[PDB]
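Student: I'd like to ask some things about the structure below.
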Ligand SMILES: COc1ccccc1[C@@H](OC)C(=O)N1CCC[C@H](C(N)=O)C1
Ligand SMILES: [Zn+2]
């Protein structure tokens, strides 16, 4: 679990969004595993606007942060799960690192701010849904 809070928006994994997230829906994209809902309280986070390929992410299944080198956002095949059919997930960045069910929502950050959130795992890999292209989150 986990979310990004920026301005009057909350960014979560689409497959973990709550009834309240859906009742206050701003935008969602099943192909990216993202959903953004509106909030009344002002958010605590700032979004990176950069091309960094190194950063640090929080891994809840280890209660630790790990440094990673990750690929540029791209279209990557993801195996079927209880949440999605087998499909290509877009705007996804892969890295070598630990991730298991329960780790989705952990934040990936670089020196400029929030880059994205954990969205895929297994096989000693961790995949992050990029949010750096969502410029409207900042206004
Ligand atoms: C049960 O899923 C897993 C199985 C083995 C290892 C890892 C997972 C789980 O790692 C977080 C994962 O990758 N996904 C489940 C949730 C939806 C994710 C997606 N389609 O963006 C895919
Ligand atoms: Zn950066």
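Here Swiss-Prot sets the residue numbers for chain A, with the shown residues being 869-1007 in order.
Cβ atoms here come from the backbone N, Cα and C positions, even for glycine.
Per Swiss-Prot, the features are:
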ACT_SITE  883  active site, for protease 2A activity
ACT_SITE  901  active site, for protease 2A activity
BINDING   918, 920, 978, 980  Zn(2+) 1 binding site
ACT_SITE  972  active site, for protease 2A activity
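Quick one: how deep are these features, and who are their neighbours?
Tutor: Within 10 Å of the Cβ of residue 883 (active site, for protease 2A activity) there are 15 other Cβ atoms, across all protein chains.
There are 26 other CB atoms within 10 A of the CB of residue 901 (active site, for protease 2A activity), with all protein chains counted.
Residue 918 (Zn(2+) 1 binding site) falls outside any helix or strand according to DSSP and counts as coil.
With a cut-off of 8 Å between CB atoms and residues at least 6 apart in sequence, the same chain places 869, 870, 881, 883, 884, 985, 986, 987, 989 near residue 972 (active site, for protease 2A activity), listed in sequence order.
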Student: Do any of the recorded positions 883, 901, 918, 920 touch ligand 1, in the sense that the CB is under 6 Å from one of its atoms?
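Tutor: Checking each Cβ against ligand 1, the ones under 6 Å are 883, 901.
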Student: Under DSSP, is residue 901 (active site, for protease 2A activity) part of a helix or a strand, or is it coil?
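Tutor: The residue in question, residue 901 (active site, for protease 2A activity), is coil (DSSP, three-state).
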Student: Taking ligand 2 as the reference and 6 angstroms as the Cβ limit (strictly under), which recorded positions among 883, 901, 918, 920, 980 are close?
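Tutor: From 883, 901, 918, 920, 980, counting a Cβ under 6 Å from ligand 2 as near, the near ones are 918, 920, 980.
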Student: Residue 901 (active site, for protease 2A activity) to residue 980 (Zn(2+) 1 binding site): how many Å between their Cα atoms?
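Tutor: So the Cα of residue 980 (Zn(2+) 1 binding site) lies 23 Å away from that of residue 901 (active site, for protease 2A activity).
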Student: Using the Cβ centroid of 918, 920, 978, 980 as the reference point for the Zn(2+) 1 site, which residues of the same chain not in that list have Cβ within 8 Å?
Tutor: 916, 917, 919, 923, 979, 981, 983, 1000
